[PDB]
Each structure stands twice: as structure tokens, then as C-alpha cells.
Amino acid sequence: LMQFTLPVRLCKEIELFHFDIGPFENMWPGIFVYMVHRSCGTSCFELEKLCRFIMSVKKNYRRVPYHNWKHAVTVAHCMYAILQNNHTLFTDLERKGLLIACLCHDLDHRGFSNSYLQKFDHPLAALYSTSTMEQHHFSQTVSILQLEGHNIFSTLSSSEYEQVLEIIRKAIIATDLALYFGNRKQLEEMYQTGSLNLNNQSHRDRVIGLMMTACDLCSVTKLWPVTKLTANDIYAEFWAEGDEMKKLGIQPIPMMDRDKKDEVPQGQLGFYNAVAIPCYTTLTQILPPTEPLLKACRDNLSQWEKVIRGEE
């Protein structure tokens, strides 16, 4: 049968946590199939259905600066790297479901936060009172799965099908960063008082949620020039939201105010110390082979520190 392969530099570097999927859009589908095949098997999905699913996913990501199809594949590659470095901790269904969850987790994003949708009074804010976009991303996922010829899970039993859609739902909900803080506190306490138990399904759910936040934030674990150029995309969204807040007659939070461009370095430090470093610290405690992500994050924190000192 038909193995996907990549050029030698990609074949080798795609295994590393810091891999960048590159600017050739047309190679991102192949890169994802490559990853499904190695981390899950050539048997997990019928190729024709998988290809048709990937392409409908791509079509339902929008041309926004950050929350775009390149982000989805980037977040799926980080998950691939976690899965491959922790071969024996994850079930068959988890292997299948998590790469799919990652590819789908920001489906049909408009470049605006839950909070902007609530203040604008967007219809999605009435359908979904909390984790507004993330309930929408899971909804878009089920929609695409149900198109003719797109059911990549057709081979699964009714109960295996239900379990996988449940892993995907929880994995996508967990990418609401408002839920990450309490999730990481629970996991931190469970790990420290030795109560953490991976046969406990509600513990697995929390560990997978933390993997999700880690994959979602992985731009902070890249080579500095990647980290830095991705940060421009991230702010290009925030600042457009800030402009839209001002159009509603509301002073945006400083993160979203393009007039406070100068405070970005310090905003990055707060974010590394309050979100990223703690994320990868707890992740590394729970799955030791994920340490390169903590080590990369820490290197990028010291690059942002150099920027503030005017050495960068």
C-alpha cells in the first residue's frame, strides 16, 4: 500500500517538538497524513475519506492572521510530537481522536475572542453562553464528519464512535484558555499529593486538556524567529478586536490596544510566567519526555527579556 513520505530534512525534523511546517500551504495536508500514518497507522482511516475530510476542514478555516489553517496543522504537529514521545500511555481511540481534535480545534474562527462576541451580541453568544467559539469549533467538526464521504470514523463501533467524539469534544473545549488555569491547578495538586491516576477517566480528561493547551500555545516553543514572527500575527488579531471594541464605544484591555504596542515585550513576559511556563512545567512533570517544550519556552522567555533590555 501507499506510505506518505517527506523529504529527508522534513522526515527528520518533523519528529522534533520545534518543527515549523513551513510556508508551502500545499504540503500541509501531506504533512498531516504523514503524522496520522506514523502515530496511528496506515489503517486508522481510509485515505480517500481522510483526504476529503482534511480538505473540507481547510475550506472552513478563514483567512485571518493567526487562527488559520497553518495554526491548526501546527497544533496537530505538536500533538503528533507528544504522542510519539509517549507511545505507550495513549489508547488507539485517543491516538485517532486527538490529531483530529487538533486539526479541528479552531474551525471557522473569525479572529475575535469569546469576550468580543458576547459584547457585540453575536448569535453564537446566545447559542453558547461559555466557551462560545470552542462549542462552535466542535459543532463545525461534527458538521464536516457528517458530510457524504467524510466519516473517517465509519469503521468504529457505535460506542467507539461515541467515545472518540467525546474525546474530541473535551479536547476542543479545553482549548478555551479561561478553563486552563483551574485545570492546571487541579492537575498540579493531583501530581503533588500523588493522587494523579491515569486509569481514572476524569484524570485522563484533565491531562488531555493540558496537552491541548500545550499544543495550542506551541508557537512559544519554536526557534526564536518563528516565535517572534508568530507573535506579530497574534497581536494583528488582538489589535483588530481592540479597534472593534472601540467601535462599540468600549476601551479595549491593553492586550488589544494597538496604541500600547510598546508594552508587547512586557505582555509576553506576563504571558510566559502566568500561562506558558506553568503549562509546560506541569506537562513535563506528568509526561517527562515533553521536556523539550519547557526548555524551548524558557529559551524564548529569555529572548523576550533580551528584547526589553534592548539587546534584541
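In this text, residue numbers run from 1 along the sequence as written. We call the rigid core the largest set of C-alpha positions that still match within 1.5 Å between the two forms.
- Relative to the shown model and aligned on the rigid core, the C-alphas in 7 other deposited structures of this protein deviate most, among 26-34 and 277-285, for 26-34.
- When the other structures are laid on the shown form by the rigid core, the stretch among 222-230 and 119-127 with the greater C-alpha deviation in 7 other deposited structures of this protein turns out to be 119-127.
- Looking at mean Cα B-factors across 66-74 and 247-255, the upper value is held by 247-255.
- Look at the mean CA B-factor for 55-63 and for 35-43 in the entry; the higher one is 35-43.
- The PDB entry assigns the greatest CA B-factor among 230, 192, 221, 175 to 192.
- You'll see in the entry that, of 199, 132, 213, 141, the Cα B factor peaks at 199.
- Ranked by C-alpha B-factor against the other modelled residues of its chain, residue 89 falls in the highest third.
- Per the deposited record, the Cα B-factor of residue 166 falls in the middle third when ranked against the other modelled residues of its chain.
- When the modelled residues of the chain are ordered by C-alpha B-factor, residue 226 sits in the lowest third.
- Residue 98: CA B factor in the middle third of modelled residues in this chain (values from the PDB entry).
- Ranked within its chain, residue 205 lands in the middle third, by CA B factor from the PDB record.
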